[PDB]
């Protein structure tokens, strides 16, 4: 197969001289490649899970050889339960090779062709080319690994054993299974996307030009309720969204949300769209919608975290500093585990409520003075492709990206508190970064005139180039905020999918109705003023629960960090 020419990453080449960062990078490369060829572990929740598994293996492999002081390994060597028992180094003392072994074994197990039975049903959809393309990435990473790879070393072999334990423990082969699920139409109810109601997929993936068959995808409807959690110590729930169950009476919030959805997330040339050019940029910047050569949101969050890590590293030598290695190893384990669990819980709630997307809500509203039967959103950008392909659909509430961001950035905050500065766990931090470029707006990627050619580099393919925008952020609190609201600008999520409207919008004298500027564009509170404290009720449970994905993510990250990254007790696993 012809190797896919991957575009250059906007990041200092010095980063990959550190082996921890190098392996994180390989995981990121596999993420973007798998979404380009349609391989395994695609979609938001599962792509996050792969990174969580990769980093847990690296974490325990490294720390087994170089024991930490203020914490321990995820699994222990003395665990009576064999499934949770970590292997012994027994002489192995080369952390570099141990990490290499863990990373390579995990990634290979995750992306290899499931010949061992799983080929049927599960893998029966992924082409052999998809597997070959992924194999290529793994093959060249071995050649690029700083310090080389020695598969004959006891240390490498030890890393491999660590990976085997984690893979056997946390891999969910049936992850995105939709077998048996069917939408339950009605008001507020999720259903097939009116702009992409069906997909024509080949009967034989290895014969893409042969007969096709209509298919209706539903992205992982059972994953959230049945999959094994990583480090969360309890179940997390959200308040009922406006219009459903206990909050069925919040019609003022719902109606105003529809109003805002139309003005802020409609297609650019619609007379009803009030979103500014700058807000459109903010919307695209955080997208990462499983596009060709781009991948999913977890990949971008990792790109951002890489810069933060290097920017605030304790020692200057990226290559030979054990302090830096331990630092990066611990940080990424925490960040990616939180990302994995955020994906589990956002998906659980998504499919629990089955709340419809703004597109369907506005079109099927039914009230002449509220809806727009012909409304169109700016939508999630279909980057490096000539059309808007069918992307696996899933409910709106809560926003997956909002949740991912909440967990990832709150984790970064908890981890760097006292070091970069000092702040309350629920107040803005000072973790600033600059020269942060999104692959959605990097002056290289584009919207093609013809179908993507996997044999040619992106710059040689005709299309409209995405403007290059270099950003600077004042804090992780800001990153978290913008990442969440960008979804409103895209028109893919309701305001409450991100967080409680009262916590992010400017209120008026009318309850549940928020302010807009001269142009009719919604006004947001200053990032420094934002506090996610507004809560709501649940019909099935007593108490007050958070509203939206950001609060959920923060809640998840705080719990994992407070417990010091400990395995979810098996007694509470599904």
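Positions refer to the first chain, counted from 1.
> Looking only at CA atoms, which has the higher mean B factor in the entry: 264-272 or 196-204?
The deposited B-factors put 196-204 ahead on the C-alpha mean.
> Comparing average C-alpha B factors as deposited, tell me which of 307-315 and 175-183 sits higher.
Of 175-183 and 307-315, the stretch with the higher C-alpha B-factor average is 175-183.
> Using only the C-alpha B-factors in the record, can you name which of 482, 161, 497, 327 has the highest?
Across 482, 161, 497, 327, the entry lists the biggest C-alpha B-factor for 161.
> Among the choices 543, 43, 40, 27, identify the one whose CA B-factor in the record is greatest.
Highest C-alpha B-factor among the listed residues goes to 543.
> C-alpha B factor of residue 143, ranked within the chain: lowest, middle or highest third?
Highest third, going by the recorded CA B-factors of the chain.
> Please say which third, lowest, middle or highest, residue 534 falls into when its CA temperature factor is compared across its chain.
According to the entry, residue 534 has a C-alpha B-factor in the chain's middle third.
> Based on the entry's values, in what third of the chain does the Cα temperature factor of residue 78 lie: lowest, middle or highest?
Answer is highest: the recorded C-alpha B-factor places it there.
> Please place residue 13 in the lowest, middle or highest third of its chain by C-alpha B factor as given in the entry.
For residue 13, whose C-alpha B-factor we compare with every modelled residue in the chain, the answer is the highest third.
> Using the B-factor values recorded in the entry, state whether the Cα atom of residue 378 falls in the lowest, middle or highest third among the modelled residues of its chain.
Tercile = lowest for this residue's CA B-factor.
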